[PDB]
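Alright, two takes on the same chain below, each alone as structure tokens: structure 1 and structure 2.
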Structure 1
């Protein structure tokens, strides 16, 4: 629980790259280092911004964004620069989009659950992220390593129904989100894109039972996990610790996650029947590797 202190005058700020729950994130330089910083856009944000430092001073984990230091001259946080930027951008952003594999898809989710599991295990009190979604998931090391940010804080497509119903919630809201992200990286589709209108239309939908469509040829181990994560009832969702364990196990069947994203991709988006959709990733190699171990 300590924060390295930075003089703001020794930072050279550059173009905007993000905006989280509050503040604004920019590309910047600091001691000849490529860097991200978030600032307060308004003096009114001073208080929330201080709480986030008190949490981030305590966290420390490979799948959470490295906070280099901070400053109070004007109040600001200095982080590592995710060259890849947002997972949202990688999946859905401007062209050219990178090619990625099932192995990448699962490795990303594994890494996210590892990050959240750490948060959930925090003492004296668990940190709940509350806003898990690809815009908050940053990539480094050539698309290989995923890192969480904007935690302890257009979100409706990843929000557990008990949250937006204003009711009591817990760690399990993050598990719902994670279930949605899993679907998203396997399909490379925006959840509830075809619903649209404002967020309340998605909230009504999800509240009333609606989930993303099922995925043609999805392995059942993964399908059962994903859909347990989506349960209306939070107590029916697995814990993140369990998701980590499961996902660690499945990675046996997904080699190649260490390969950097380097191939462009011009995939079209072929709409399924309306009931089921096709995955973007290919599970053929999973089914083959699985056969060698089992039947």
Structure 2
């Protein structure tokens, strides 16, 4: 659609290259002043666009960004292993859809929690795109190599590590972006997670492979994640309990998960033994 700007009522700035919450036809909306075949539940919908000032009109995500949920200002919300696996399943479903786009695949290129928006009490995730991103970028990208949709698989793997640990990836490296690029180019990866279930560890590290052809397709991730949710009930629970979270010491190349996998091991055991 081609929206009339006067029909919109701007409100508070949301992000700042500036995004603001607004009403348009009694519908809450996000707008942004200085592709259309995309229709998926896990991708922020583009309603239309105005002409002067030229601006995008998109659905509004009331929950803010995943990054904000994970690492934002106190008070931070509690969340569970089911939430973590659900966010990543929903992210892979949105991204699989982009990769299936005809006649040419759409690669996100910038998959990272600051661009993953939440709604429905923090339970539904939606990919947003307008394109310190080094931390989620596949090495072939910033070495100027020819990349493919496998670069998004790499980013997803980092995100999976991130929601399970509630840690910023490569937070210990710091300095400018080039230090992380150098690190990851040389094979450094986020530390392994104590007690992580072997199937999730297998999936995560595969996604981190240096060789992009050794990473799984997104369609494979979606399917694997779909079937693992049988062991992660509770993803529909709205985020609503308070959390006081503090970084446990992290050395020995081994960090503790923030989420708890005891119930996964219990439900797995019922099925298998």
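Numbering follows the first chain given and starts at 1. Under this definition, the rigid core comprises the largest set of C-alpha atoms superposing within 1.5 Å between the forms.
After superposing the rigid core, the Cα of residue 33 is displaced by 2 Å or more between structures 1 and 2. Taking the core as reference, the C-alpha deviation of residue 244 between structures 1 and 2 is 0.1 Å. Taking the core as the fixed frame between structures 1 and 2, we note the C-alpha of residue 11 moving 2.0 angstrom.
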